[PDB]
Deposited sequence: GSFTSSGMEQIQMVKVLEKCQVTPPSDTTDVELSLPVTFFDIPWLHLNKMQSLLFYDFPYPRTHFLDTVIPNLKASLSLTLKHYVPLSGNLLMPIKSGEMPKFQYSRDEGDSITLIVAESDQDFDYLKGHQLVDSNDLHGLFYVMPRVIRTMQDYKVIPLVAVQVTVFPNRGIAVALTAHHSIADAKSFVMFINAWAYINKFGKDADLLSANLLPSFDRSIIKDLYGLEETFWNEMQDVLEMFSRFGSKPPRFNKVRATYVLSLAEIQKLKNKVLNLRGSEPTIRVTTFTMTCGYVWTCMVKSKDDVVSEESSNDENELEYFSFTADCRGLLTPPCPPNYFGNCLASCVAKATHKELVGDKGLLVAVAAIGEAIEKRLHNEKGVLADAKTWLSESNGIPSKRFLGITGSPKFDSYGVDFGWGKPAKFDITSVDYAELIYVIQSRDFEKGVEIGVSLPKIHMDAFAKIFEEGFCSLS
């Protein structure tokens, strides 16, 4: 590692313009995600300015803007409170009398910045190295442990660029919500204290009185998770040495059409299939991902799990800007023989759409079968699995602290699993950037089959 830390500090919300306390409940949507304490989000920026300007001006204004935007995102300055004793339930808490506050790390790195941001093969470890390791438990009260929610590590590459590296506990925000926060923080820094986050649709909602647990999912989800939380809680927070490299792929909207029509042409008349930019991009990626395994050296089932934002399907109406987890587990299944065969792309896209219709588009309600979300996931062999985090809906390249849009946005937390992430493309309007992570021998296999599909 060539990352040297310059300063560690604490960012609090504004004093005397906040409540001394804010307690927040743990809805049944948040419970599946309680054991995941890393939802990393890296953002590289071109910054052709002297390290002096960085420290003199850039760090203050970020420290400054972060404080202001915290008065609208208060829970992010608090912690998660995990129960130590049976019969108590988790919660979120911000106590200003505890000096609750996000840890900012001011760092300086001496690596090649144009390398760390590129789309060509990038060592995944170099990327995890730019993130601060949040503690597992910052203090133990008498009912619950206190687990931190957010830390950011700003890191300068002198005369090259800046890398903003955030780390959120997955209990407090899903992909949509966490990107809203990053975009408010950027927005208030760029424009200033008199920045209208409401008008910009970057104003959260923490009211969960309208989140109602009508199917008793909260009780069921807690008890299934009990086993998981014990096992996964004893993982020291340091990033393991990943034997995985990162590569980045870009599809135009037109290259999605070349995939769309490829599916339509493959005589997908028989049953009409739903063909969207999302189901396309996964469909094609999953198909390549399955084939890559073979070229490295069966006829079992391959699974592809993804999340879906229920905020729009809930009842009562749940605000679009509701902050927190609000996701649905979807698991496509398909035959290895079929996904690698002549109709592989067509099989995959059909499979992914057939998973949303039974789950999300379940014409009986989203939560109708939700007592099963937690018990399908575990029935996936780790050997036959693909996952996708993020969504083209989220404005990942709109995070502009005042230096321009980002050079790259990397959901770095993918390496912890057989995952890919799909992000709004930076340079193409309705395109997508697909972040893939694989060992290099494997990764070469992927890209080959990825290139050949056109």
Residues of the deposited sequence that never got C-alpha coordinates are 1-11, 309-315, 473-476
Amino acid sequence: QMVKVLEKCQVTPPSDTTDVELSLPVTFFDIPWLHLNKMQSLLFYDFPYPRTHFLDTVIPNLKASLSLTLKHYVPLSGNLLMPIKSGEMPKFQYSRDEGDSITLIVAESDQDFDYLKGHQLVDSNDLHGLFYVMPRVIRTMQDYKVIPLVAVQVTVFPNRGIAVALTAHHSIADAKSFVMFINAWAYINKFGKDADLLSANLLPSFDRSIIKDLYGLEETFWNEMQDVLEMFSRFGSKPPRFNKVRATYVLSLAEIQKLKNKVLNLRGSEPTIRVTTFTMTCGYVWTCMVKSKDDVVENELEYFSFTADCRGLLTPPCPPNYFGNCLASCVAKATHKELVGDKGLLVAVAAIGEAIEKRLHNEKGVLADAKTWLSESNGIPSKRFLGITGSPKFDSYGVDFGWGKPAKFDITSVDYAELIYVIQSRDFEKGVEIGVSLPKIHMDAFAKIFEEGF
From here on, numbers count along this sequence of modelled residues.
Taking only the CA atoms, which stretch has the higher mean B-factor in the record, 405-413 or 425-433? 425-433
Between the two ranges 110-118 and 336-344, the one averaging a larger CA B factor in the entry: 336-344
Identify, among 356, 229, 134, 180, the residue whose C-alpha carries the highest B-factor in the deposited PDB entry. 229
Checking the entry, which one of 86, 189, 93, 124 has the top C-alpha B factor? 86
On the chain's distribution of Cα B-factors, residue 44 falls within the third called lowest
By the record's CA B-factor, is residue 385 among the lowest, middle or highest third of residues in the chain? highest
Ranking every modelled residue in this chain by its Cα temperature factor as given in the entry, which third contains residue 99? lowest
Using the B-factors in the PDB entry, rank residue 28's C-alpha atom against the chain and give the third, lowest, middle or highest. highest
By the entry's values, the third containing the CA B factor of residue 68 is the middle
